[PDB]
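To be precise, the following lines are upload11.cif, and they hold mmCIF, C-alpha atoms and all ligand atoms.
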data_work
loop_
_atom_site.label_atom_id
_atom_site.label_comp_id
_atom_site.auth_asym_id
_atom_site.auth_seq_id
_atom_site.Cartn_x
_atom_site.Cartn_y
_atom_site.Cartn_z
CA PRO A 5 -17.07 -25.75 -0.20
CA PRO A 6 -14.83 -23.41 -2.24
CA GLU A 7 -11.46 -22.07 -0.91
CA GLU A 8 -12.37 -18.36 -1.31
CA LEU A 9 -14.85 -18.72 1.60
CA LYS A 10 -11.90 -19.32 3.82
CA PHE A 11 -10.57 -15.61 3.71
CA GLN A 12 -11.61 -13.51 6.73
CA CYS A 13 -10.44 -10.02 6.07
CA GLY A 14 -8.15 -8.59 8.66
CA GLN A 15 -7.58 -11.95 10.40
CA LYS A 16 -3.90 -12.81 10.92
CA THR A 17 -4.60 -15.55 13.42
CA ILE B 1 10.36 2.36 6.37
CA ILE B 2 12.65 4.34 8.69
CA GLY B 3 12.75 2.62 12.04
CA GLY B 4 10.24 -0.08 12.63
CA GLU B 5 11.11 -3.73 13.07
CA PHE B 6 11.79 -6.41 10.47
CA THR B 7 8.76 -8.73 10.20
CA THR B 8 7.43 -11.61 8.15
CA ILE B 9 4.43 -11.87 5.91
CA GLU B 10 2.46 -13.90 8.52
CA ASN B 11 2.17 -10.55 10.32
CA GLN B 12 0.82 -8.72 7.22
CA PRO B 13 -0.72 -11.51 5.12
CA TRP B 14 -2.64 -9.00 2.89
CA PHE B 15 0.62 -7.29 1.74
CA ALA B 16 1.35 -7.66 -2.04
CA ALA B 17 4.78 -7.02 -3.65
CA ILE B 18 4.63 -5.66 -7.21
CA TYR B 19 7.62 -6.01 -9.56
CA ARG B 20 8.39 -4.98 -13.15
CA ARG B 21 10.21 -7.13 -15.71
CA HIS B 22 12.80 -5.80 -18.12
CA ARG B 23 13.45 -8.83 -20.48
CA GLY B 24 17.13 -7.74 -20.11
CA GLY B 25 16.68 -10.79 -17.45
CA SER B 26 15.97 -8.48 -14.22
CA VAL B 27 12.62 -7.92 -12.39
CA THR B 28 12.77 -4.83 -10.09
CA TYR B 29 10.45 -3.91 -7.26
CA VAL B 30 7.95 -1.20 -8.00
CA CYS B 31 5.54 -0.77 -5.04
CA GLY B 32 3.57 -2.52 -2.35
CA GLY B 33 -0.21 -3.17 -2.47
CA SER B 34 -2.86 -4.93 -0.40
CA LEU B 35 -5.24 -7.82 -1.26
CA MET B 36 -8.94 -6.70 -0.99
CA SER B 37 -10.62 -9.80 -2.35
CA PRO B 38 -9.22 -12.98 -3.98
CA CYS B 39 -8.76 -11.32 -7.38
CA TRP B 40 -8.10 -7.70 -6.51
CA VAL B 41 -5.09 -5.84 -5.14
CA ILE B 42 -5.17 -2.08 -4.45
CA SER B 43 -2.09 0.14 -4.72
CA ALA B 44 -1.23 3.67 -5.94
CA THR B 45 -1.75 5.00 -9.51
CA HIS B 46 1.55 6.85 -9.40
CA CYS B 47 3.31 3.43 -9.22
CA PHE B 48 2.13 2.61 -12.75
CA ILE B 49 1.44 5.98 -14.41
CA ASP B 50 4.79 5.99 -16.23
CA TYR B 51 4.79 2.44 -17.55
CA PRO B 52 1.13 1.40 -17.85
CA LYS B 53 2.09 -1.89 -19.64
CA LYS B 54 0.23 -4.45 -17.46
CA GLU B 55 2.03 -7.32 -19.13
CA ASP B 56 5.35 -6.34 -17.56
CA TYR B 57 4.21 -6.45 -13.94
CA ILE B 58 4.30 -9.47 -11.65
CA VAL B 59 2.47 -9.53 -8.33
CA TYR B 60 3.56 -11.84 -5.48
CA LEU B 61 1.55 -12.65 -2.36
CA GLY B 62 3.03 -14.48 0.67
CA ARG B 63 6.46 -12.87 0.38
CA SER B 64 8.61 -11.93 3.38
CA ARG B 65 11.77 -11.10 1.36
CA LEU B 66 12.37 -8.83 -1.62
CA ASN B 67 14.53 -10.87 -4.04
CA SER B 68 14.63 -14.40 -2.52
CA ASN B 69 11.67 -16.75 -2.43
CA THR B 70 9.52 -17.35 0.62
CA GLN B 71 7.90 -20.71 0.95
CA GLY B 72 4.18 -20.44 0.25
CA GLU B 73 4.41 -17.35 -2.00
CA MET B 74 2.03 -17.07 -4.96
CA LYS B 75 2.89 -15.29 -8.27
CA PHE B 76 0.25 -13.61 -10.52
CA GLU B 77 0.14 -11.62 -13.67
CA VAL B 78 -2.02 -8.45 -13.88
CA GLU B 79 -5.23 -9.23 -15.82
CA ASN B 80 -6.57 -5.63 -15.50
CA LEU B 81 -4.82 -2.46 -14.31
CA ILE B 82 -7.25 0.29 -13.34
CA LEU B 83 -5.69 3.66 -12.62
CA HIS B 84 -7.70 6.62 -11.44
CA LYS B 85 -8.94 8.94 -14.14
CA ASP B 86 -8.22 12.33 -12.46
CA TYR B 87 -4.99 11.16 -10.86
CA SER B 88 -2.72 14.32 -10.82
CA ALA B 89 0.74 15.02 -9.34
CA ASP B 90 2.11 18.44 -8.37
CA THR B 91 5.19 19.58 -6.53
CA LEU B 92 4.66 16.86 -3.84
CA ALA B 93 1.11 15.68 -3.84
CA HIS B 94 -0.51 13.03 -5.91
CA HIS B 95 -4.32 13.40 -6.11
CA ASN B 96 -6.65 10.38 -6.47
CA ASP B 97 -3.70 8.10 -5.97
CA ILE B 98 -5.42 4.72 -5.83
CA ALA B 99 -5.20 1.84 -8.41
CA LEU B 100 -6.67 -1.64 -8.72
CA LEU B 101 -4.86 -4.66 -10.18
CA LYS B 102 -6.93 -7.72 -11.03
CA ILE B 103 -4.69 -10.78 -10.64
CA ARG B 104 -4.73 -14.23 -12.28
CA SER B 105 -2.16 -17.04 -11.81
CA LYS B 106 -0.74 -19.04 -14.73
CA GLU B 107 -3.33 -21.70 -13.90
CA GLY B 108 -6.10 -19.06 -14.19
CA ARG B 109 -7.02 -18.62 -10.57
CA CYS B 110 -7.07 -15.79 -8.10
CA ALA B 111 -5.41 -15.93 -4.63
CA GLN B 112 -6.21 -18.74 -2.19
CA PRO B 113 -6.15 -18.24 1.67
CA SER B 114 -3.19 -19.59 3.63
CA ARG B 115 -1.37 -18.65 6.85
CA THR B 116 0.59 -16.12 4.72
CA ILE B 117 -2.17 -14.85 2.40
CA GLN B 118 -5.30 -13.01 3.78
CA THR B 119 -7.50 -10.06 2.63
CA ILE B 120 -7.64 -6.83 4.67
CA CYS B 121 -10.98 -5.15 5.35
CA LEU B 122 -12.17 -2.01 3.66
CA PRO B 123 -13.80 0.84 5.67
CA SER B 124 -17.48 1.72 5.30
CA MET B 125 -18.20 4.90 3.35
CA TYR B 126 -16.37 7.96 4.69
CA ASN B 127 -15.75 6.14 8.01
CA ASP B 128 -12.23 6.70 9.47
CA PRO B 129 -10.53 6.23 12.88
CA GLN B 130 -10.12 9.45 14.93
CA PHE B 131 -6.74 11.19 14.90
CA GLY B 132 -4.48 9.76 17.59
CA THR B 133 -5.22 6.18 16.53
CA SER B 134 -1.96 4.15 16.08
CA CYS B 135 -1.97 2.31 12.76
CA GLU B 136 0.73 0.28 11.13
CA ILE B 137 2.41 0.51 7.80
CA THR B 138 4.49 -2.20 6.10
CA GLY B 139 6.85 -2.29 3.12
CA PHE B 140 10.26 -2.81 1.47
CA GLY B 141 11.03 0.91 1.18
CA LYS B 142 14.21 2.63 2.19
CA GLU B 143 15.48 2.53 5.75
CA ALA B 144 17.22 5.92 5.38
CA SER B 145 16.62 8.66 2.75
CA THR B 146 20.27 8.43 1.64
CA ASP B 147 20.04 4.74 0.84
CA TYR B 148 19.99 3.72 -2.77
CA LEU B 149 19.05 0.06 -2.09
CA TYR B 150 15.88 -1.39 -0.51
CA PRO B 151 16.02 -3.92 2.40
CA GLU B 152 15.62 -7.57 1.61
CA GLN B 153 13.40 -8.18 4.64
CA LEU B 154 9.91 -6.77 5.00
CA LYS B 155 9.52 -4.10 7.70
CA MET B 156 6.66 -2.57 9.56
CA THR B 157 6.23 0.31 12.00
CA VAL B 158 3.44 2.04 13.95
CA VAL B 159 2.47 5.61 13.29
CA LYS B 160 -0.41 7.76 14.58
CA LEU B 161 -3.09 9.52 12.53
CA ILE B 162 -2.96 13.35 12.92
CA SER B 163 -5.85 15.77 12.06
CA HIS B 164 -6.17 17.71 8.81
CA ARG B 165 -5.99 20.91 10.83
CA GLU B 166 -2.49 19.88 12.07
CA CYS B 167 -1.27 18.61 8.67
CA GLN B 168 -2.58 21.66 6.78
CA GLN B 169 -0.67 24.03 9.00
CA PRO B 170 1.54 26.18 6.71
CA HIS B 171 4.71 24.78 8.21
CA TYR B 172 3.63 21.22 7.52
CA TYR B 173 1.95 20.93 4.08
CA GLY B 174 -0.59 23.76 3.89
CA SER B 175 -3.35 23.11 1.36
CA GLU B 176 -1.33 20.43 -0.49
CA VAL B 177 -3.24 17.99 1.70
CA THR B 178 -6.91 17.58 0.88
CA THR B 179 -9.84 15.80 2.53
CA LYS B 180 -9.15 12.84 0.24
CA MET B 181 -5.77 12.37 2.01
CA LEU B 182 -4.77 11.39 5.59
CA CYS B 183 -1.56 12.26 7.40
CA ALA B 184 0.18 9.97 9.84
CA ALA B 185 3.38 10.55 11.81
CA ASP B 186 5.37 9.41 14.80
CA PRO B 187 5.06 11.78 17.79
CA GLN B 188 8.83 12.05 17.83
CA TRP B 189 9.29 12.04 14.03
CA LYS B 190 11.43 8.87 14.42
CA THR B 191 9.78 6.28 12.13
CA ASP B 192 7.86 6.86 8.84
CA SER B 193 7.21 5.46 5.35
CA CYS B 194 9.75 6.38 2.65
CA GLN B 195 10.58 5.79 -1.03
CA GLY B 196 9.84 2.23 -1.99
CA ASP B 197 6.89 2.10 0.43
CA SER B 198 4.34 3.67 -2.04
CA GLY B 199 1.11 1.71 -2.55
CA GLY B 200 1.33 -0.27 0.64
CA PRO B 201 -1.22 -0.25 3.44
CA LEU B 202 -1.89 2.00 6.46
CA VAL B 203 -3.93 -0.49 8.70
CA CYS B 204 -5.96 0.65 11.70
CA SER B 205 -8.59 -1.04 13.82
CA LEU B 206 -11.95 0.41 12.86
CA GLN B 207 -15.16 -0.95 14.37
CA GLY B 208 -13.26 -4.02 15.55
CA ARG B 209 -11.68 -4.94 12.18
CA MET B 210 -8.15 -4.31 10.94
CA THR B 211 -9.06 -1.97 8.10
CA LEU B 212 -7.15 -0.58 5.12
CA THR B 213 -7.43 3.07 6.17
CA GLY B 214 -4.76 4.50 3.83
CA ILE B 215 -2.42 3.77 0.89
CA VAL B 216 1.15 5.06 1.21
CA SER B 217 1.26 8.01 -1.26
CA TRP B 218 3.84 10.84 -0.71
CA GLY B 219 5.75 12.93 1.82
CA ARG B 220 8.59 15.46 1.98
CA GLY B 221 11.70 13.58 3.02
CA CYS B 222 11.30 10.59 5.34
CA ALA B 223 10.84 10.85 9.13
CA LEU B 224 11.28 14.63 9.03
CA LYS B 225 9.85 16.95 11.65
CA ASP B 226 6.56 18.55 10.62
CA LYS B 227 6.55 16.53 7.39
CA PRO B 228 4.07 13.70 8.07
CA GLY B 229 3.64 10.88 5.52
CA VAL B 230 0.51 11.35 3.41
CA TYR B 231 -1.87 8.53 2.47
CA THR B 232 -4.83 8.26 0.06
CA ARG B 233 -7.95 8.18 2.29
CA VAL B 234 -9.55 4.91 1.23
CA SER B 235 -12.94 5.73 2.97
CA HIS B 236 -13.44 8.42 0.35
CA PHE B 237 -12.99 6.12 -2.70
CA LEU B 238 -15.38 3.32 -1.81
CA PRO B 239 -17.78 4.05 -4.70
CA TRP B 240 -14.82 4.12 -7.13
CA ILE B 241 -13.58 0.84 -5.68
CA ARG B 242 -17.03 -0.75 -5.92
CA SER B 243 -17.56 0.58 -9.45
CA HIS B 244 -14.75 -1.78 -10.42
CA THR B 245 -14.73 -4.47 -7.70
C1 LIG C 1 7.54 3.03 -8.79
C2 LIG C 1 7.70 4.43 -9.39
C3 LIG C 1 6.35 5.08 -9.66
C4 LIG C 1 8.52 5.32 -8.46
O1 LIG C 1 7.68 5.92 -7.46
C5 LIG C 1 8.35 6.78 -6.61
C6 LIG C 1 9.43 7.56 -7.03
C7 LIG C 1 10.09 8.41 -6.15
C8 LIG C 1 9.63 8.52 -4.86
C9 LIG C 1 8.56 7.74 -4.41
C10 LIG C 1 8.12 7.86 -3.11
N1 LIG C 1 8.62 8.78 -2.31
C11 LIG C 1 7.92 8.50 -1.24
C12 LIG C 1 8.06 9.17 -0.06
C13 LIG C 1 7.24 8.77 1.02
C14 LIG C 1 7.34 9.45 2.24
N2 LIG C 1 6.46 9.31 3.20
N3 LIG C 1 8.34 10.28 2.42
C15 LIG C 1 6.37 7.65 0.80
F1 LIG C 1 5.60 7.18 1.78
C16 LIG C 1 6.26 6.98 -0.43
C17 LIG C 1 7.08 7.44 -1.40
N4 LIG C 1 7.22 7.06 -2.62
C18 LIG C 1 7.91 6.90 -5.32
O2 LIG C 1 6.84 6.12 -4.92
#

Now, as a test, write the supplied structure out as structure tokens.
Amino acid sequence: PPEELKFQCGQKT
Amino acid sequence: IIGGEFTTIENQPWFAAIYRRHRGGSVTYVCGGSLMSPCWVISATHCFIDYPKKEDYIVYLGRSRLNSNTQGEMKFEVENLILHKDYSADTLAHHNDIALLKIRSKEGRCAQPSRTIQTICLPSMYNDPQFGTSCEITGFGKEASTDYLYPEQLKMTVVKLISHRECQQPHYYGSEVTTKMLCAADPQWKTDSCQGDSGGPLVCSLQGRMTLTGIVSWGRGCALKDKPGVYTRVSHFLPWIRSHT
């Protein structure tokens, strides 16, 4: 599935 | 940032470093910004107002140092530069000081997620933390008002939100501060944002998420008593933001 979906705002770890 | 600690981008993966090119060969730092979505970075209109030539700006993501490369950094050009119609500056304050930069890499893509590149969350309409909340600010700004150079290592510090009633006291900023701004200071006026920090993020936990609560905008001096740092209140520009993002 496409990379963009892997951002989770505010998540550092 | 006056005070604070030196940090790395893994601790602020949404921080964006904006530079300007002078074909004389040099690239100089302009301001900080924050990644909202893969293709959009938000900063301050006053960072561009004077040289609105989008082609001369370079945006880097995943950068822990100012003029040396960080492994994993990404470089982008500015595809669109949206400044706020109604931005205004006076003797201190900047009004509607928010800007959006749409980014594109030389391969034609937007940012990709990594351990050093992440988006930060936006607040919901007019929703803010309550004064007292400790939030953090990050940037490459001055470490002392008398400095004429910026640090090479990224810094961060924690500051607390104060109420408008306190900030609008005549011996602070009076009416220079509006409802579209937020003030944040250190209880002991020991750490603060400073020149070079403009456009970067004021991050607070809101409803369980680390949210972009403010954008570093202006202030009288740096880490001065009764002179809090002032930030654009992002919760009040959500329609504007959506109109373009
Ligand atoms: C890049 C150019 C537009 C230059 O922009 C600037 C020129 C001169 C001063 C600033 C500036 N002063 C600032 C002062 C403060 C503060 N809390 N004391 C701040 F947070 C950001 C600032 N940014 C600034 O952002």

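If you count all atoms listed in the file and ignore residues fewer than 4 places along the chain from residue A:8, what sits within 8 Å of it is residues 38, 112 and 113 of chain B.
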
Taking (-10.9, -15.4, 9.5) in the file's own coordinates, collect the residues within 12 Å, counting all atoms listed in the file, and hand them back as an mmCIF file with C-alpha atoms, keeping the file's coordinate frame.
data_model
loop_
_atom_site.group_PDB
_atom_site.id
_atom_site.type_symbol
_atom_site.label_atom_id
_atom_site.label_comp_id
_atom_site.auth_asym_id
_atom_site.auth_seq_id
_atom_site.Cartn_x
_atom_site.Cartn_y
_atom_site.Cartn_z
ATOM 1 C CA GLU A 8 -12.370 -18.360 -1.310
ATOM 2 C CA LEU A 9 -14.850 -18.720 1.600
ATOM 3 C CA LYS A 10 -11.900 -19.320 3.820
ATOM 4 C CA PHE A 11 -10.570 -15.610 3.710
ATOM 5 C CA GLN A 12 -11.610 -13.510 6.730
ATOM 6 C CA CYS A 13 -10.440 -10.020 6.070
ATOM 7 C CA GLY A 14 -8.150 -8.590 8.660
ATOM 8 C CA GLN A 15 -7.580 -11.950 10.400
ATOM 9 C CA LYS A 16 -3.900 -12.810 10.920
ATOM 10 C CA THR A 17 -4.600 -15.550 13.420
ATOM 11 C CA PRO B 13 -0.720 -11.510 5.120
ATOM 12 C CA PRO B 113 -6.150 -18.240 1.670
ATOM 13 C CA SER B 114 -3.190 -19.590 3.630
ATOM 14 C CA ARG B 115 -1.370 -18.650 6.850
ATOM 15 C CA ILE B 117 -2.170 -14.850 2.400
ATOM 16 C CA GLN B 118 -5.300 -13.010 3.780
ATOM 17 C CA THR B 119 -7.500 -10.060 2.630
ATOM 18 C CA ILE B 120 -7.640 -6.830 4.670
ATOM 19 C CA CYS B 121 -10.980 -5.150 5.350
ATOM 20 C CA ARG B 209 -11.680 -4.940 12.180
ATOM 21 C CA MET B 210 -8.150 -4.310 10.940
#

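You will find atom CA of residue B:101 at 14.8 Å from atom CA of residue B:198.
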
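Within 12 Å of the point (4.9, 7.6, -15.4), counting all atoms listed in the file, the protein and nucleic acid residues come to residues 30, 44, 45, 46, 47, 48, 49, 50, 51, 52, 53, 83, 87, 88 and 89 of chain B.
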
**Request:** Please identify the residues whose atoms come within 9 Å of ligand LIG 1 (chain C), using all atoms listed in the file, and report them as number ranges by chain.
**Result:** B: 1, 29-31, 44-51, 141, 145, 192-200, 215-224, 227-231

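The coordinates place atom CA of residue B:162 at 7.0 Å from atom CA of residue B:185.
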
**Request:** Take atom CA of residue B:103 and atom CA of residue B:138 and report the distance between them in Å, one decimal.
**Result:** 20.9 Å
